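Going line by line, the protein sequences match chains M, K, L and A.
If you read the first sequence in PDB author numbering, its first letter stands for residue 166, the second for the next number, and so on.
Count the second sequence with PDB author numbering and you get residues 2 to 165, 231 to 387, in order.
If you read the third sequence in PDB author numbering, its first letter stands for residue 63, the second for the next number, and so on.
If you read the fourth sequence in PDB author numbering, its first letter stands for residue 253, the second for the next number, and so on.
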Amino acid sequence: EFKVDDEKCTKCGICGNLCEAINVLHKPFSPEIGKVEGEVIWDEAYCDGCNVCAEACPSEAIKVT
Amino acid sequence: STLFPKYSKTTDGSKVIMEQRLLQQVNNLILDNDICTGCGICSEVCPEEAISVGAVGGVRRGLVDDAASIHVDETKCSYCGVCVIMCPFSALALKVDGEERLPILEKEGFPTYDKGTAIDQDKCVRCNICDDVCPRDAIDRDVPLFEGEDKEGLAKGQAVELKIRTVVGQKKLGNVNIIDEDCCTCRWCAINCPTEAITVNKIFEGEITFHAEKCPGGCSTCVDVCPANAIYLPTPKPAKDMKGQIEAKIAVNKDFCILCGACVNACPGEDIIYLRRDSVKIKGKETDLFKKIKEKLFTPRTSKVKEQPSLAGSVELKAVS
Amino acid sequence: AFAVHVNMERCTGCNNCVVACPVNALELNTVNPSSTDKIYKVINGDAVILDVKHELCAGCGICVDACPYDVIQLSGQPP
Amino acid sequence: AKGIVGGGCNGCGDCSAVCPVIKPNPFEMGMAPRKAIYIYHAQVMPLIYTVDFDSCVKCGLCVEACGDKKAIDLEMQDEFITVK
Ligand code: SF4
Ligand code: SF4
Ligand code: SF4
Ligand code: SF4
Ligand code: SF4
Ligand code: SF4
Ligand code: SF4
Ligand code: SF4
Ligand code: SF4
Ligand code: SF4
Ligand code: SF4
Ligand code: SF4
Numbered sequence: 166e167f168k169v170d171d172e173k174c175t176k177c178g179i180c181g182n183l184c185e186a187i188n189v190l191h192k193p194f195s196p197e198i199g200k201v202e203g204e205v206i207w208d209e210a211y212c213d214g215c216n217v218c219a220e221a222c223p224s225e226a227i228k229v230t
Numbered sequence: 002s003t004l005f006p007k008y009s010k011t012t013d014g015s016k017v018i019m020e021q022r023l024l025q026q027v028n029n030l031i032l033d034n035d036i037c038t039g040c041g042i043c044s045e046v047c048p049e050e051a052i053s054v055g056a057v058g059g060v061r062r063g064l065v066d067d068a069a070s071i072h073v074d075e076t077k078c079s080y081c082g083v084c085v086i087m088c089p090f091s092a093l094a095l096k097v098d099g100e101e102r103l104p105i106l107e108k109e110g111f112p113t114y115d116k117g118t119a120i121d122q123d124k125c126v127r128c129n130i131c132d133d134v135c136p137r138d139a140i141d142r143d144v145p146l147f148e149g150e151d152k153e154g155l156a157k158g159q160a161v162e163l164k165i231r232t233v234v235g236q237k238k239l240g241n242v243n244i245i246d247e248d249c250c251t252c253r254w255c256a257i258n259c260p261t262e263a264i265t266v267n268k269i270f271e272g273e274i275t276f277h278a279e280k281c282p283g284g285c286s287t288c289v290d291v292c293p294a295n296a297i298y299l300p301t302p303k304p305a306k307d308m309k310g311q312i313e314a315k316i317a318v319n320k321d322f323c324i325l326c327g328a329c330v331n332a333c334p335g336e337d338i339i340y341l342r343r344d345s346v347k348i349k350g351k352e353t354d355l356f357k358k359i360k361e362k363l364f365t366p367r368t369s370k371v372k373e374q375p376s377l378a379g380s381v382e383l384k385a386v387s
Numbered sequence: 063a064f065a066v067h068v069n070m071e072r073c074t075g076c077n078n079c080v081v082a083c084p085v086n087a088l089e090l091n092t093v094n095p096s097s098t099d100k101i102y103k104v105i106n107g108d109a110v111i112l113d114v115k116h117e118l119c120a121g122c123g124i125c126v127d128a129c130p131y132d133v134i135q136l137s138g139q140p141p
Numbered sequence: 253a254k255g256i257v258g259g260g261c262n263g264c265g266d267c268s269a270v271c272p273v274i275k276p277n278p279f280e281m282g283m284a285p286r287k288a289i290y291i292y293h294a295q296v297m298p299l300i301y302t303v304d305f306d307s308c309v310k311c312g313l314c315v316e317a318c319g320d321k322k323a324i325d326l327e328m329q330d331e332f333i334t335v336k
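Set out below in structure tokens:
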């Protein structure tokens, strides 16, 4: 079902702030990289076919089914 | 003698309050020791040479109790308020009677820093990155809190303007700003904003260099005290990847360094760090005093071991030619 | 140029204030050592501060944070 | 004598109205504030408004307030005179 495109994701919380399934962990910010980088974790136990977060993402980084 | 010029220096909790009593007129230079960062841009700028810098690393780490980052001789201070205008992270305030009052600005006798902050609300998307990466607590994002971490601000389905189908255009629920008296112009939020909607310009310009080969290892005081977290300990490589290059001991990110000076004031080394500012960015016209202050801020500096004993209790740096 | 005071009565000679001081670590652990003077040396089981005239300390707090049974008080105010 | 025809100090008080430094007044035994540029009291005989150089921050607001009178010279030094 769910699939993110880490190629086009900026790790903006506006995708994990909506659903209770999407929890976005920003691993600690270090000037090493100087960038934001984390992971998007989706759990089945909370989803729906709502698909709101597909278009809530600023980018098109989320396709769900 | 005479008593009524009562000079007092009280440490009321976390605020060091420096005062000058009269019958009805007071003068309160109040330093908020939770926000000071140990830079000396308050000691370099003091027209009357009263503010000195103390145990920056210890105080900024919490291991010192009987002192603040800075000591102000309130008998010498003149309550001009130049330190309050020229402190990049506003951790110094002047209260004349009982109110934060700056006569020199009221008369326009001194320029102020142009941090120039702004967030084009027609481009910001209520993301959470700018509040997350901000080294200081200076992003005031006013957004209703949806099902993420709380009860719905409106509803998961009302976070997107949906007609219940297709989305109608754009959502942008709420409003995000930058507390302009707290931003230090690090640019972590502009460099990492997803939609390039943040406009901040560094107050200082110049260059800082790190001679990694002179850091004595386990001294991450510079890392601990950097306000804009520009400094890092370069992560040791794994095996089968070292490739004969061992590692650096310390380095900096010039994209985020704001040329404050806390690193130089804190390093116990000899000349690991080289700091030199070239141009401060201001609004307000100028003054002969401001030209003197520019000349004072723009002299290159570096650490020093074994400074003179007669000034024990404070910091003295090296003048670089 | 601050002043450090070591409570000799509860110092155990652990030597983790000598090893952890970044001014002590300048001699052997730096490329082209600048200054080779040392704040602490454990003589007769307790840490002695050779930095009598308070010229080399930098208020780092690496030594206060290092001692296992807090015994080093760092003074951030002029002696 | 120095060439300013418009004059020197007329005791208007604009300088001390704009000075931002505030210090105790030794005439009032310290009970009262006075700016860096000041007179002890309103009945001083030379009404000429000394500048307290130990406490002045050279902000230059006083000279702008004085204006064309040009009575304020912030770089003045101790002059020595010999009298028989
Ligand atoms: S899915 Fe979209 S909103 Fe969520 S983290 Fe990725 S880019 Fe940001
Ligand atoms: S599709 Fe709907 S329910 Fe599922 S994760 Fe996205 S927003 Fe949440
Ligand atoms: S200039 Fe630096 S040291 Fe001085 S008060 Fe401001 S933050 Fe603190
Ligand atoms: S108010 Fe003026 S004189 Fe007093 S400490 Fe600040 S800069 Fe120095
Ligand atoms: S990082 Fe940029 S887009 Fe995201 S909330 Fe901040 S200003 Fe808005
Ligand atoms: S410039 Fe730095 S301190 Fe200012 S708002 Fe952005 S991240 Fe925060
Ligand atoms: S790296 Fe830049 S911001 Fe950080 S302490 Fe050094 S000069 Fe200040
Ligand atoms: S630069 Fe200074 S604070 Fe950083 S490791 Fe070297 S000596 Fe320690
Ligand atoms: S505060 Fe730092 S420099 Fe001073 S004695 Fe302790 S470890 Fe050494
Ligand atoms: S670390 Fe503490 S206990 Fe050990 S020698 Fe130093 S002062 Fe004594
Ligand atoms: S110095 Fe100038 S402004 Fe001040 S009282 Fe004299 S004439 Fe007026
Ligand atoms: S130059 Fe001196 S007397 Fe004139 S306004 Fe500034 S502080 Fe006051």
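Heads up, the beta-carbon is just placed ideally off N, CA and C, and yes, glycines get one too.
Taking Cβ to Cβ, would you say residue 129 of chain L is nearer than 8 angstroms to residue 79 of chain L? yes
Just checking my contact of residue 243 of chain K with residue 120 of chain K at CB under 8 angstroms: how many whole Å lie between their CB atoms? 6 angstroms
Which of the three DSSP states is assigned to residue 220 of chain M in this structure? helix
Taking C-beta to C-beta, are residue 37 of chain K and residue 118 of chain K nearer than 8 angstroms? no
Whole-angstrom distance between residue 353 of chain K and residue 187 of chain M, CA atom to CA atom: 56 angstroms
Residue 72 of chain L versus residue 343 of chain K: straight-line alpha-carbon distance, rounded: 47 angstroms
Can you give me the C-alpha to C-alpha distance between residue 271 of chain K and residue 282 of chain A, rounded to a whole angstrom? 44 angstroms
So residue 257 of chain A contacts chain K; which residues on that side make the cut at Cβ distance below 8 angstroms? Per Cβ cutoff of 8 angstroms: no residues; residue 257 of chain A is ~25 angstroms from chain K at best.
When you check each C-beta in the segment 53–68 of chain K against every C-beta of chain A, which residues fall closer than 9 angstroms? none
Counterpart residues of residue 13 of chain K in DSSP-defined beta bridges: K:16
Where DSSP assigns a beta bridge to residue 272 of chain K, which residues make up the other side? K:343
Cut-off 8 angstroms between Cβ atoms - residues of its own chain near residue 4 of chain L, not counting five sequence neighbours on either side: This structure cannot speak to residue 4 of chain L, because chain L is shown only from 63 to 141.
Sequence-distant residues of the same chain with beta carbon closer than 7 angstroms to residue 192 of chain M, five excluded per side: 202 and 203
With DSSP run on the structure shown, which of helix, strand or coil describes residue 134 of chain L? strand
Can you tell me whether residue 294 of chain A is buried or exposed, with buried defined as 16 or more other CB within 10 angstroms of its CB? exposed
Leaving out the 5 sequence neighbours to the left and right, which residues in its chain are closer than 6 angstroms to residue 127 of chain K when beta-carbon positions are compared? 144 and 240
Bounding residues of the alpha helix (DSSP H) (the contiguous stretch that carries residue 331 of chain K): 328–332
Among residues of its own chain, excluding the 5 on either side of residue 147 of chain K, which ones have a beta-carbon nearer than 8 angstroms to its beta-carbon? 153, 154, 155, 156, 157 and 160
Drop a sphere of 10 angstroms on the beta-carbon of residue 90 of chain K, count the other beta-carbons inside from all chains shown, and report buried for 16 or more, exposed for fewer. buried
Cβ separation of residue 269 of chain K and residue 251 of chain K, assumed to be a contact under 8 angstroms, to the nearest whole Å: 5 angstroms
Determine the chain K residues that contact residue 267 of chain A at a beta-carbon separation under 7 angstroms, and present them in chain order. Within chain K, no residue comes near residue 267 of chain A; the closest Cβ sits about 11 angstroms away, beyond 7 angstroms.
Continuous beta strand (DSSP E) assignments of at least 3 residues falling wholly in the segment 7–70 of chain K: 7–13, 16–22, 29–33 and 52–54
Hey, quick one: how far does the alpha helix (DSSP H) through residue 317 of chain A stretch, first residue to last? 313–318
Can you list, in chain order, the residues of its chain with a C-beta nearer than 8 angstroms to that of residue 258 of chain A? Leave out the 5 residues immediately preceding and following it. 320, 321 and 322
Taking any Cβ of chain K, which residues in the segment 298–323 of chain A have a Cβ under 7 angstroms from it, in chain order? 307, 309, 310, 311, 312 and 313
In angstroms with no decimal places, state the Cα-to-Cα distance between residue 210 of chain M and residue 93 of chain L. 57 angstroms
Got a sec: does ligand 8 put a non-hydrogen atom nearer than 7 angstroms to the Cβ of residue 96 of chain L? no
Helix, strand or coil at residue 186 of chain M according to DSSP, with G and I counted as helix: coil
Spell out the partners DSSP gives residue 302 of chain A in its beta bridges. A:290
Using Cβ-Cβ distances below 9 angstroms, what residues of the segment 371–382 of chain K are close to chain L? 371, 372, 373, 374, 375, 377, 378, 379, 380, 381 and 382
Roughly how many angstroms separate the alpha carbons of residue 301 of chain A and residue 51 of chain K, rounded to a whole number? 26 angstroms
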